[PDB]
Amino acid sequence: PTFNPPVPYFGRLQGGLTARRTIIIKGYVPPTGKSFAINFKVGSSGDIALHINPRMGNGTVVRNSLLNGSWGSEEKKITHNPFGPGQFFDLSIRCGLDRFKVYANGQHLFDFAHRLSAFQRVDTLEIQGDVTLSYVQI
């Protein structure tokens, strides 16, 4: 569950995802993979505060929230894509006060402003799809 945890990954964030808390995800994008998702979630089957979905087909890093049954407006702007076929990556995800702060391989990837009212309503990390994880710190 910390080292080589298989997918689908399900990890409880003890307490809530409080401001200042940083989450580490090291992984490997398989050459014959299409898509994987990192979901910061309210419970095991509630709302997704941050959905990070790299898609190998169109080389896109989609961010969105699933709130009260609906997907919001997608955020896709990046200056680099670390999730290419056969690439190892090092993700650092800090829950800020007003926004998530996400770095890839030591370089800023994106910020994502909080849509959910939770600084700490977020208590579940779900990682699923075409990804091989070497290390998840929670």
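Rigid core: the largest C-alpha set superposing within 1.5 Å between the two forms. Throughout, we count residues from 1 along the sequence that is shown.
Q: 109-117 versus 75-83: which one's CA atoms end up farther from this form in 6 other deposited structures of this protein after a core fit?
A: Taking the RMS over all superposed structures in 6 other deposited structures of this protein, 109-117 lies farther out.
Q: Do the Cα atoms of 45-53 or those of 90-98 sit farther, on average, from the shown form in 6 other deposited structures of this protein after fitting on the core?
A: If we average over structures and residues in 6 other deposited structures of this protein, the farther stretch is 45-53.
Q: Could you check the entry and say whether 40-48 or 66-74 has the higher mean CA B-factor?
A: Taking the mean C-alpha B-factor of 40-48 and of 66-74, the larger value falls to 40-48.
Q: Between 11-19 and 126-134, point out the one with the higher average CA B-factor as the PDB entry records it.
A: Taking the mean C-alpha B-factor of 11-19 and of 126-134, the larger value falls to 11-19.
Q: For the listed residues 106, 96, 27, 30, which one has the largest C-alpha B-factor as given in the deposited model?
A: By C-alpha B-factor in the record, 96 ranks first.
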